[PDB]
Amino acid sequence: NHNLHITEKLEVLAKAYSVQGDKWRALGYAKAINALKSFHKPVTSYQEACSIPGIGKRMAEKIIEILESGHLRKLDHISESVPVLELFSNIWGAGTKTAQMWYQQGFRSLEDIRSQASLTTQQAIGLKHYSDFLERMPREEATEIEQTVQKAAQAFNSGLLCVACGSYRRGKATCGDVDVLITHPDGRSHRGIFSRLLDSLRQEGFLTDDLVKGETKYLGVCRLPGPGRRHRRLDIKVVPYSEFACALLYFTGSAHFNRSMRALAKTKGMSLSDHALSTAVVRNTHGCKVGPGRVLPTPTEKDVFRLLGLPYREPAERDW
DNA sequence: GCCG
DNA sequence: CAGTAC
DNA sequence: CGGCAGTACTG
Ligand SMILES: Cc1cn([C@H]2C[C@H](O)[C@@H](COP(=O)(O)O)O2)c(=O)[nH]c1=O
Ligand SMILES: [Ca+2]
Ligand SMILES: [K+]
Ligand SMILES: [K+]
Ligand code: NA
Ligand code: NA
């Protein structure tokens, strides 16, 4: 909380490495930023920095250069392309490779992209909602969106469970988007639901754009009725009842939380996914899986933590 | 970038 | 497959 | 040295 003197400047570098494609270096920065964001005291000494898991020599040296100087020299040598690459990769469906290609082609503005760029179907939808998708909504709107999906789903089968996950479920005041997880306790009635449900939501004009339409994941765009409404990203994921706890866990996040849980499971010979916690997973020397293992029974999220030797954590306690 |  | 996002 | 989470979709 109190190290913003440092994190604020480190975040500029992390983002700069991210948009330029240097994904693992940006992962290092992102981790050290989360570490700093959860210490107890403001870091004041080189040796006090290296004590924190995720902060090494190079990162500690920058941490001191900020206290001795208030500024970090690296920030003055960030490529002039970075603001433009960030602009381009804030389009949904465009990442670092697409942004770098557009930059190499001489594009510098969203007007350039609009008029001259080659765009996928997803990216054109991303661009059309560029401003709207950079906004977080108040959680009260997220409730309305979840309620709209629930009511349409439960109209086909009142046995369907519907749970909004993500930052909503972690109790945040604003939500970048809404993910509604859908299952059925009977273990089979969840099947074949999309075609009807999405049609129901489509007929009223609530769904405005589809980005992904898979057998289990729908990603798209919605807008509530009336004036004053913005387009929002909506996900609907339909899973079998036995995978519900692992799905709830993944889709609730946070992303850094999921990755640290999965990294932990790997060290214990296990494998954790949005489908299941698996055991006796056989892997090779590069950490790649070769043998699948056995699915462990996880009727609730508490079981996942227990099977991993961890104290449970409420959704609100999973920011990192 | 960090860490085993 | 590579790219992207969940 | 070398992995850093695991998977679903798209074209
Ligand atoms: C962005 C992101 C999300 N997630 C998970 C955690 C998020 O709560 C969940 C839904 O993503 P979203 O909130 O961006 O729709 O997906 C990852 O596992 N990895 C990622 O890189
Ligand atoms: Ca979220
Ligand atoms: K450390
Ligand atoms: K265009
Ligand atoms: Na993007
Ligand atoms: Na979403």
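Computed from heavy atoms alone, side chains included, the values below leave out hydrogens, waters and symmetry copies. Order of the sequence lines fixes the chain letters, A, B, ..., with proteins taken first and strands second; residue numbering starts at 1 for each chain.
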Looking only at side-chain atoms of [X], point me to the closest of [options].
{"X": "A/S271", "options": "B/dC2, D/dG6, C/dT4", "value": "D/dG6"}
{"X": "A/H275", "options": "D/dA8, D/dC4, C/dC6", "value": "D/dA8"}
{"X": "A/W92", "options": "B/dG1, C/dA5, D/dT10", "value": "C/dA5"}
{"X": "A/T216", "options": "D/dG6, D/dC9, D/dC4", "value": "D/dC9"}
{"X": "A/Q122", "options": "D/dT10, D/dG6, C/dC6", "value": "D/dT10"}
{"X": "A/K62", "options": "D/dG6, B/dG1, C/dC6", "value": "B/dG1"}
{"X": "A/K217", "options": "D/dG6, C/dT4, C/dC6", "value": "C/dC6"}

Which whole-number value in Å describes the distance from [X] [atom1] to [N] [atom2]?
{"X": "A/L10", "N": "B/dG1", "atom1": "CG", "atom2": "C1'", "value": "10 Å"}
{"X": "A/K23", "N": "D/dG2", "atom1": "NZ", "atom2": "P", "value": "17 Å"}
{"X": "A/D274", "N": "C/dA5", "atom1": "CG", "atom2": "P", "value": "18 Å"}
{"X": "A/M101", "N": "C/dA2", "atom1": "CE", "atom2": "P", "value": "17 Å"}
{"X": "A/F251", "N": "C/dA5", "atom1": "CZ", "atom2": "P", "value": "16 Å"}
{"X": "A/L127", "N": "C/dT4", "atom1": "CG", "atom2": "P", "value": "16 Å"}
{"X": "A/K97", "N": "C/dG3", "atom1": "NZ", "atom2": "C1'", "value": "9 Å"}
{"X": "A/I125", "N": "D/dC9", "atom1": "CD1", "atom2": "P", "value": "17 Å"}

Donor/acceptor link under 3.5 angstrom from A/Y250 side chain onto base of C/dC6: yes
Along DNA chain D (nearest heavy atom to each residue), the more 5'-positioned of A/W24 and A/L211: A/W24
Residue mapping more 5' on DNA chain D - nearest nucleotide basis, A/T121 or A/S273: A/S273
Side-chain N,O ([X]) to OP1/OP2 ([N]) below 4.0 Å:
{"X": "A/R262", "N": "D/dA5", "answer": "no"}
{"X": "A/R233", "N": "C/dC6", "answer": "yes"}
{"X": "A/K266", "N": "D/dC4", "answer": "yes"}

Counter-base of D/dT7, judged by Watson-Crick or G-U geometry with both distances under 3.5 Å: C/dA5
Joint hydrophobic cluster, A/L307 plus A/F257, side-chain heavy atoms closer than 4.5 Å: yes
same_hphob_cluster(A/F107, A/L110) at 4.5 Å side-chain heavy-atom cutoff: yes
A/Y241 and A/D186 side chains, donor-acceptor separation under 3.5 Å: no
Polar side chain donor-acceptor pair, A/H231 to A/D209, under 3.5 angstrom: no
With a 4.0 Å cut-off on heavy atoms, is [X] in touch with a base, just the backbone sugar-phosphate, or nothing at all?
{"X": "A/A94", "value": "sugar-phosphate"}
{"X": "A/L272", "value": "sugar-phosphate"}
{"X": "A/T98", "value": "sugar-phosphate"}
{"X": "A/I91", "value": "sugar-phosphate"}

Polar side-chain atom of A/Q123 near backbone of A/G93 as donor-acceptor pair, under 3.5 Å: yes
N/O donor-acceptor pair under 3.5 Å between A/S89 side chain and A/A94 backbone: no
Distance between P atoms of B/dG4 and D/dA5 (Å, rounded): 15 Å
Beyond-backbone contact of A/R108 with A/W102, side-chain heavy atoms, under 4.5 angstrom: no
Major or minor groove - the one reached by side-chain atoms of A/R25 at under 5.0 Å: major
Sugar of C/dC1, sorted north or south by the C1'-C2'-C3'-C4' dihedral sign: north
